[PDB]
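Enquirer: Quick one: structure below, then a few questions.
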Amino acid sequence: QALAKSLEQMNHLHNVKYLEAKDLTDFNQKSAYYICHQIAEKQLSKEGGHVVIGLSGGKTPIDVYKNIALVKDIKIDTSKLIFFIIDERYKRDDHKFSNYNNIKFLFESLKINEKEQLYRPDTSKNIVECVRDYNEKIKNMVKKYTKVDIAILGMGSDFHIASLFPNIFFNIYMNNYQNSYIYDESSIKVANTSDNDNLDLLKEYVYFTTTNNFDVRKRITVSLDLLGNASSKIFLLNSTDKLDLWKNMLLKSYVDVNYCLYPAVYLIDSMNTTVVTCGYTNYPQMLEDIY
Amino acid sequence: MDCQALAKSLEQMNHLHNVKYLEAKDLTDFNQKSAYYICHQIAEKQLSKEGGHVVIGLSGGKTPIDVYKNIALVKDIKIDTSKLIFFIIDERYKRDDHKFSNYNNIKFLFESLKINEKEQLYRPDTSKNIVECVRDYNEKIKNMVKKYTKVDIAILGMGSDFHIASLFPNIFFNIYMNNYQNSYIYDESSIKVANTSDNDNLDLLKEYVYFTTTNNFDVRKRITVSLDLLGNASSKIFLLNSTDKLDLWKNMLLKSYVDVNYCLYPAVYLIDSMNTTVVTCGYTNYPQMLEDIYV
Ligand SMILES: [Cl-]
Ligand SMILES: [K+]
Ligand SMILES: [K+]
């Protein structure tokens, strides 16, 4: 009620909607409210009611998910929801701190039947089989339910989203296609053609990617293409540091954006990206000043 | 500039986990101390080096440039500038316009020192196409190393993505895809890639100079000397003159404590290769802030 006013105070700038929070509590409430409003709007217009929602892990999304339970004035049929894990930190031998295990309280809160309503990687398999298996599962999800309706995302200090780590083309190619380790290399002809056009060649739904060992080296991620085709992308940027990064991204991507380096901009350019913000008052004015 | 106080500075450097830290009081002291240290390193190495031919690699950017401006000011020790050998550690490549290049931004140093660039400076010919630019500079650097044995001093910074020179994480993926894939620059068959560790694959890279890429705002196409070349330098000097840069170095050391990937944290390769020094500004008793990583 206090929150439904505020979805109306929303700023639009260069095809992004910005929703501003006043502090971290407001952020988590406003974010959870906006996500429920999107799910309900989508469900109301989808024949069969089966809204497909991609979830990221991490502290910022988790503290938002904790508030989803609290949302009471929005009618949603939770038995028809379909969830999938956008990306996972792979550790075959211990799953304790995984994104799934850190966010699964949400499924319990909403009384979700995970066997029927949740797609996630089987991280008990070896990395190659885990990736190929989750690929086919996401493929089947998209066939059955047409597309992703809502993707909930964050962004790291290296501009990565999901586990799509710059340079997304090099990282995907070297981890999946080189030596046909995961997918057939004969399928793809790299030119030495923009990175953007090269990433176009990679047609799978799920890939193996890598980052540093401290952050969990081996990752499973849905593809940038899958996320760009989502009907709604929601970024959760709840600090000045994150808002500073988003601004600098927009500055540096203004000319000849390489989507392999700034994947969030691919989502922007694909339309229907919303950013919820906390840290700066009148943040969208700060951005207009660079334009 | 007070060379008397500066000399004691150098005697007072702190050591932690095989790195030397030289702490500046403020930004002006950072520039003066860094230039003083580099000069003294050059002069001492010239007394031990074959024919006095100290080999110095130079980075560009504001931070090194402001240090280079102070190299003139250092009067308290003899350097035979006619014997020095310089090279460019990395370059931002634009075939059609060179005015914002590292070379062109730092060449005032060569004029100041009255350097004969034809005889004493190795740098890329960025009027060449990228493939030939890289192969030409690779051969120049190879010739430099054959003739002068190895790099004596490498002057470096580090970026917010942990890159140094133009060695952009993931260094193996970036170098492979830009140089070896489809034999664009070097032969694909000259290297057998495994899906082992990134460190082991990095070890397979044997050239001195590579093509790398980053974002278009920062100039997409880059020429860089190899991580191996830098690791073999007798002295590596990092110039970290802000708390942002010092926060990055500390985060790096935290995250690289276990199973460091040198393709993602190249500076740690340099640390592990020994003789790395860091000059710092922004945090008082900075090594104290790092201590507990190791104890
Ligand atoms: Cl990469
Ligand atoms: K898991
Ligand atoms: K140049």
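By convention here, the chains of the structure tokens are called A, B, ... in the order presented, each chain's residues are numbered starting at 1, and ligands are numbered starting at 1 in the order presented.
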Near residue 254 (chain B), within 12 Å and counting only C-alpha atoms, which residues show up once chain neighbours fewer than 4 positions away are dropped, as a list in words?

Expert: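 Listed by chain and then number, they are residues 212, 213, 214 and 215 of chain A; 247, 248, 249, 250, 258, 259, 260, 265, 268, 289, 290, 291, 292, 293 and 294 of chain B.
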
Enquirer: Write as a ChimeraX atom specification the residues around ligand 1, taking 10 Å as the cut-off and counting only C-alpha atoms and all ligand atoms.

Expert: /A:165-174,209-211,260-261 /B:168-177,213-214,263-264

Enquirer: Deliver the residues from the most recent selection as a file, using N, CA and C atoms, as an mmCIF file, in the first residue's frame.

Expert:
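Saved as again-v7.cif:
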data_model
loop_
_atom_site.group_PDB
_atom_site.id
_atom_site.type_symbol
_atom_site.label_atom_id
_atom_site.label_comp_id
_atom_site.auth_asym_id
_atom_site.auth_seq_id
_atom_site.Cartn_x
_atom_site.Cartn_y
_atom_site.Cartn_z
ATOM 1 N N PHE A 165 30.962 -14.781 -16.897
ATOM 2 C CA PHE A 165 32.151 -14.007 -16.541
ATOM 3 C C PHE A 165 32.817 -13.488 -17.808
ATOM 4 N N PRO A 166 33.061 -12.169 -17.881
ATOM 5 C CA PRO A 166 33.876 -11.624 -18.977
ATOM 6 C C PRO A 166 35.224 -12.326 -19.039
ATOM 7 N N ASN A 167 35.758 -12.588 -20.235
ATOM 8 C CA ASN A 167 35.083 -12.424 -21.530
ATOM 9 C C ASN A 167 34.230 -13.659 -21.767
ATOM 10 N N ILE A 168 32.932 -13.458 -21.928
ATOM 11 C CA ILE A 168 31.972 -14.556 -21.893
ATOM 12 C C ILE A 168 32.222 -15.507 -23.041
ATOM 13 N N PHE A 169 32.569 -14.965 -24.200
ATOM 14 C CA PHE A 169 32.896 -15.822 -25.348
ATOM 15 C C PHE A 169 34.172 -16.657 -25.126
ATOM 16 N N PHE A 170 35.244 -16.036 -24.635
ATOM 17 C CA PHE A 170 36.468 -16.782 -24.430
ATOM 18 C C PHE A 170 36.262 -17.859 -23.350
ATOM 19 N N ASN A 171 35.584 -17.472 -22.276
ATOM 20 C CA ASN A 171 35.394 -18.309 -21.110
ATOM 21 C C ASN A 171 34.498 -19.503 -21.476
ATOM 22 N N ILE A 172 33.366 -19.247 -22.127
ATOM 23 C CA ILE A 172 32.545 -20.331 -22.627
ATOM 24 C C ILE A 172 33.253 -21.191 -23.652
ATOM 25 N N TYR A 173 33.912 -20.587 -24.638
ATOM 26 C CA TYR A 173 34.536 -21.397 -25.657
ATOM 27 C C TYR A 173 35.606 -22.335 -25.070
ATOM 28 N N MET A 174 36.510 -21.774 -24.284
ATOM 29 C CA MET A 174 37.605 -22.525 -23.761
ATOM 30 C C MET A 174 37.119 -23.609 -22.799
ATOM 31 N N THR A 209 31.343 -22.418 -16.789
ATOM 32 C CA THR A 209 32.255 -21.272 -16.763
ATOM 33 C C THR A 209 33.121 -21.329 -15.550
ATOM 34 N N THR A 210 34.215 -20.546 -15.560
ATOM 35 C CA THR A 210 35.142 -20.539 -14.459
ATOM 36 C C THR A 210 35.492 -19.143 -13.972
ATOM 37 N N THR A 211 35.732 -19.088 -12.675
ATOM 38 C CA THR A 211 36.243 -17.903 -11.997
ATOM 39 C C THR A 211 37.347 -18.308 -11.007
ATOM 40 N N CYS A 260 30.133 -9.415 -24.416
ATOM 41 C CA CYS A 260 30.957 -10.408 -23.731
ATOM 42 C C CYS A 260 31.666 -9.810 -22.504
ATOM 43 N N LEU A 261 31.710 -8.481 -22.438
ATOM 44 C CA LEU A 261 32.369 -7.782 -21.340
ATOM 45 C C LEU A 261 31.378 -7.054 -20.412
ATOM 46 N N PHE B 168 45.169 -9.447 -19.337
ATOM 47 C CA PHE B 168 43.792 -9.400 -18.819
ATOM 48 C C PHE B 168 43.312 -10.798 -18.462
ATOM 49 N N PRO B 169 42.875 -10.979 -17.213
ATOM 50 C CA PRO B 169 42.172 -12.222 -16.833
ATOM 51 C C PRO B 169 40.990 -12.517 -17.743
ATOM 52 N N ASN B 170 40.765 -13.780 -18.103
ATOM 53 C CA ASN B 170 41.646 -14.914 -17.838
ATOM 54 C C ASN B 170 42.748 -14.905 -18.869
ATOM 55 N N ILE B 171 43.993 -14.823 -18.398
ATOM 56 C CA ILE B 171 45.115 -14.554 -19.287
ATOM 57 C C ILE B 171 45.312 -15.678 -20.308
ATOM 58 N N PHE B 172 45.204 -16.925 -19.864
ATOM 59 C CA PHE B 172 45.285 -18.030 -20.796
ATOM 60 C C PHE B 172 44.167 -18.034 -21.870
ATOM 61 N N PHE B 173 42.904 -17.864 -21.457
ATOM 62 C CA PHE B 173 41.778 -17.829 -22.399
ATOM 63 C C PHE B 173 41.938 -16.674 -23.407
ATOM 64 N N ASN B 174 42.279 -15.497 -22.901
ATOM 65 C CA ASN B 174 42.410 -14.288 -23.723
ATOM 66 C C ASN B 174 43.553 -14.416 -24.721
ATOM 67 N N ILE B 175 44.722 -14.837 -24.255
ATOM 68 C CA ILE B 175 45.844 -15.070 -25.137
ATOM 69 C C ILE B 175 45.560 -16.208 -26.121
ATOM 70 N N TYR B 176 45.011 -17.340 -25.652
ATOM 71 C CA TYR B 176 44.736 -18.443 -26.578
ATOM 72 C C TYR B 176 43.795 -17.998 -27.699
ATOM 73 N N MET B 177 42.672 -17.419 -27.315
ATOM 74 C CA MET B 177 41.623 -17.116 -28.272
ATOM 75 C C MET B 177 42.096 -16.030 -29.253
ATOM 76 N N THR B 213 42.844 -8.473 -25.673
ATOM 77 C CA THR B 213 41.722 -7.595 -25.815
ATOM 78 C C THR B 213 41.040 -7.258 -24.497
ATOM 79 N N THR B 214 40.460 -6.068 -24.480
ATOM 80 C CA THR B 214 39.628 -5.598 -23.391
ATOM 81 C C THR B 214 38.478 -4.775 -24.023
ATOM 82 N N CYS B 263 46.399 -16.966 -13.963
ATOM 83 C CA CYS B 263 45.625 -16.392 -15.082
ATOM 84 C C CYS B 263 44.619 -15.367 -14.644
ATOM 85 N N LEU B 264 44.273 -15.367 -13.354
ATOM 86 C CA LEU B 264 43.323 -14.432 -12.803
ATOM 87 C C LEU B 264 43.961 -13.407 -11.874
#

Enquirer: Give me, as number ranges by chain, all polymer residues having an atom no more than 12 Å from residue 141 (chain B), counting only C-alpha atoms and skipping those fewer than 2 positions away in the same chain.

Expert: B: 55, 57, 85-90, 121-124, 134-139, 143-151, 207-210, 224-226, 229-230

Enquirer: Which residues, written as a list in words, have at least one atom at most 8 Å from region 101-115 of chain A, with only C-alpha atoms counted and residues fewer than 3 positions away on the same chain left out?

Expert: residues 57, 62, 65, 66, 69, 78, 79, 95, 96, 97, 98, 118 and 119 of chain A

Enquirer: Would you mind exporting the chosen residues as a PDB file, in the first residue's frame, restricted to C-alpha atoms?

Expert:
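Saved the output as selection_33.pdb:
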ATOM      1  CA  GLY A  57      21.834 -16.610  -5.339  1.00  0.00           C
ATOM      2  CA  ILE A  62      18.357 -13.882  -0.562  1.00  0.00           C
ATOM      3  CA  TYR A  65      13.445 -13.551  -1.213  1.00  0.00           C
ATOM      4  CA  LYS A  66      12.998 -13.491   2.595  1.00  0.00           C
ATOM      5  CA  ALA A  69       6.513 -14.368   2.041  1.00  0.00           C
ATOM      6  CA  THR A  78       2.019 -20.566  -6.316  1.00  0.00           C
ATOM      7  CA  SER A  79       1.113 -24.090  -7.499  1.00  0.00           C
ATOM      8  CA  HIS A  95      26.696 -28.626  -1.525  1.00  0.00           C
ATOM      9  CA  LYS A  96      26.218 -26.826   1.835  1.00  0.00           C
ATOM     10  CA  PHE A  97      26.843 -23.260   0.552  1.00  0.00           C
ATOM     11  CA  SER A  98      25.334 -23.679  -2.913  1.00  0.00           C
ATOM     12  CA  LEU A 118      11.970 -26.549  -9.859  1.00  0.00           C
ATOM     13  CA  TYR A 119      14.698 -27.049 -12.460  1.00  0.00           C
TER      14      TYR A 119
END

Enquirer: Would you list the residues that come within 9 Å of ligand 2? Count only C-alpha atoms and all ligand atoms and give the answer as a list in words.

Expert: residues 88, 89, 90, 91, 92, 94, 95, 96, 97, 98, 99, 100, 101, 120, 121, 122, 123 and 124 of chain A

Enquirer: Hey, can you spit out that residue selection with C-alpha atoms as a PDB file, in the first residue's frame?

Expert:
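Below is the file selection.pdb, written as the result:
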ATOM      1  CA  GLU A  88      25.274 -22.484  -9.510  1.00  0.00           C
ATOM      2  CA  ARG A  89      28.658 -22.735  -7.747  1.00  0.00           C
ATOM      3  CA  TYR A  90      29.682 -26.287  -8.430  1.00  0.00           C
ATOM      4  CA  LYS A  91      31.233 -28.472  -5.759  1.00  0.00           C
ATOM      5  CA  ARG A  92      30.569 -32.172  -6.323  1.00  0.00           C
ATOM      6  CA  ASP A  94      29.862 -30.556  -0.607  1.00  0.00           C
ATOM      7  CA  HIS A  95      26.696 -28.626  -1.525  1.00  0.00           C
ATOM      8  CA  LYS A  96      26.218 -26.826   1.835  1.00  0.00           C
ATOM      9  CA  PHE A  97      26.843 -23.260   0.552  1.00  0.00           C
ATOM     10  CA  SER A  98      25.334 -23.679  -2.913  1.00  0.00           C
ATOM     11  CA  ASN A  99      22.869 -21.163  -4.343  1.00  0.00           C
ATOM     12  CA  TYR A 100      20.100 -23.789  -4.324  1.00  0.00           C
ATOM     13  CA  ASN A 101      20.704 -24.690  -0.689  1.00  0.00           C
ATOM     14  CA  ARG A 120      18.230 -27.094 -11.041  1.00  0.00           C
ATOM     15  CA  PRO A 121      21.541 -28.750 -11.919  1.00  0.00           C
ATOM     16  CA  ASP A 122      22.390 -32.174 -10.483  1.00  0.00           C
ATOM     17  CA  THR A 123      25.656 -31.226  -8.862  1.00  0.00           C
ATOM     18  CA  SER A 124      26.226 -34.836  -7.735  1.00  0.00           C
TER      19      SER A 124
END

Enquirer: Residue 63 (chain B): which residues within 8 Å, counting only C-alpha atoms, same-chain residues fewer than 6 positions away excluded, as a ChimeraX atom specification?

Expert: /B:157,239,241

Enquirer: Give the residues close to ligand 3, within 7 Å, counting only C-alpha atoms and all ligand atoms; write them as a list in words.

Expert: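 These are the residues that qualify: residues 91, 93, 98, 101, 102, 103, 104, 125 and 126 of chain B.
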
Enquirer: Given the selection you just returned, output its residues as a file containing N, CA, C and O atoms, formatted as a compact mmCIF listing (two decimals), in the first residue's frame.

Expert:
# COMPACT_ATOMS: atom_id res chain seq x y z
N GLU B 91 51.08 -1.86 -24.84
CA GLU B 91 50.60 -0.75 -25.63
C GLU B 91 49.14 -0.89 -26.01
O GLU B 91 48.63 -1.99 -26.22
N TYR B 93 46.67 -0.37 -28.86
CA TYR B 93 46.89 -0.38 -30.30
C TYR B 93 45.76 0.33 -31.05
O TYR B 93 44.59 -0.04 -30.92
N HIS B 98 47.96 7.39 -33.16
CA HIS B 98 48.81 7.01 -32.03
C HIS B 98 48.92 8.03 -30.89
O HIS B 98 49.59 7.75 -29.89
N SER B 101 48.76 7.02 -27.15
CA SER B 101 49.45 5.76 -26.81
C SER B 101 50.37 5.88 -25.58
O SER B 101 50.78 6.98 -25.18
N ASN B 102 50.68 4.76 -24.95
CA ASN B 102 51.63 4.77 -23.85
C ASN B 102 52.98 5.34 -24.26
O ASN B 102 53.52 6.21 -23.58
N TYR B 103 53.54 4.86 -25.36
CA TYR B 103 54.79 5.38 -25.88
C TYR B 103 54.75 6.88 -26.01
O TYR B 103 55.65 7.56 -25.52
N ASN B 104 53.74 7.41 -26.69
CA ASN B 104 53.70 8.83 -26.92
C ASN B 104 53.47 9.64 -25.67
O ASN B 104 53.95 10.78 -25.57
N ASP B 125 55.79 -1.40 -33.44
CA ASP B 125 55.42 -0.58 -34.59
C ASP B 125 53.93 -0.72 -34.83
O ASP B 125 53.48 -1.64 -35.50
N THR B 126 53.17 0.21 -34.26
CA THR B 126 51.74 0.18 -34.30
C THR B 126 51.16 0.78 -35.63
O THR B 126 49.95 0.96 -35.76

Enquirer: Please list as a list in words every residue within 6 Å of region 21-25 of chain B, counting only C-alpha atoms and excluding residues in the same chain fewer than 5 positions away.

Expert: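 Listed by chain and then number, they are residues 13, 14, 30, 277, 278, 279, 280 and 281 of chain B.
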
Enquirer: For the residues in that selection, give me N, CA, C and O atoms as a short mmCIF file (atom, residue, chain, number, x, y, z; two decimals), in the first residue's frame.

Expert:
data_model
loop_
_atom_site.label_atom_id
_atom_site.label_comp_id
_atom_site.auth_asym_id
_atom_site.auth_seq_id
_atom_site.Cartn_x
_atom_site.Cartn_y
_atom_site.Cartn_z
N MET B 13 62.09 -0.01 4.48
CA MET B 13 61.00 -0.76 3.83
C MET B 13 60.58 -1.98 4.62
O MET B 13 61.41 -2.70 5.14
N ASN B 14 59.28 -2.22 4.67
CA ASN B 14 58.75 -3.38 5.40
C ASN B 14 58.65 -4.59 4.47
O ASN B 14 58.47 -4.44 3.27
N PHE B 30 54.78 10.06 -2.64
CA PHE B 30 54.71 8.84 -3.46
C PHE B 30 55.51 8.98 -4.77
O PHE B 30 56.34 8.12 -5.10
N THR B 277 58.43 -5.49 -5.33
CA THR B 277 58.29 -4.36 -4.42
C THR B 277 57.01 -3.62 -4.75
O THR B 277 56.65 -3.48 -5.93
N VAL B 278 56.33 -3.15 -3.71
CA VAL B 278 55.14 -2.32 -3.86
C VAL B 278 55.36 -0.98 -3.19
O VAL B 278 55.70 -0.93 -2.02
N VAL B 279 55.13 0.12 -3.93
CA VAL B 279 55.10 1.45 -3.32
C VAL B 279 53.65 1.82 -3.11
O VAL B 279 52.83 1.60 -3.98
N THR B 280 53.31 2.36 -1.94
CA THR B 280 51.92 2.48 -1.51
C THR B 280 51.63 3.90 -1.04
O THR B 280 52.51 4.59 -0.54
N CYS B 281 50.40 4.33 -1.21
CA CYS B 281 49.93 5.56 -0.61
C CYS B 281 48.46 5.45 -0.31
O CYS B 281 47.68 5.04 -1.16
#

Enquirer: Distance CA of residue 87 (chain A)-CA of residue 55 (chain A), one decimal place?

Expert: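 One can read the CA of residue 87 (chain A) to CA of residue 55 (chain A) distance as 8.1 Å.
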
Enquirer: I'd like the interatomic distance between CA of residue 27 (chain B) and CA of residue 242 (chain A), to a tenth of an Å.

Expert: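 Computed distance, CA of residue 27 (chain B) to CA of residue 242 (chain A), equals 27.5 Å.
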
Enquirer: Name all residues at most 9 Å from region 178-184 of chain B (count only C-alpha atoms; drop same-chain ones fewer than 4 positions away) and give them as a compact mmCIF listing (two decimals) with C-alpha atoms, in the first residue's frame.

Expert:
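Saved the output as out-v1.txt:
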# COMPACT_ATOMS: atom_id res chain seq x y z
CA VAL A 190 35.14 -18.65 -34.55
CA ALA A 191 36.57 -15.74 -36.53
CA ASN A 192 39.44 -13.78 -34.96
CA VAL B 131 49.29 -9.69 -36.50
CA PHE B 173 41.78 -17.83 -22.40
CA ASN B 174 42.41 -14.29 -23.72
CA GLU B 188 47.59 -23.53 -33.06
CA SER B 189 49.62 -26.77 -33.21
CA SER B 190 52.53 -25.26 -31.32
CA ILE B 191 50.41 -25.77 -28.15
CA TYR B 210 50.89 -11.37 -27.41
CA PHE B 211 47.70 -9.71 -28.70
CA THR B 212 45.14 -9.19 -25.95
CA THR B 213 41.72 -7.60 -25.81
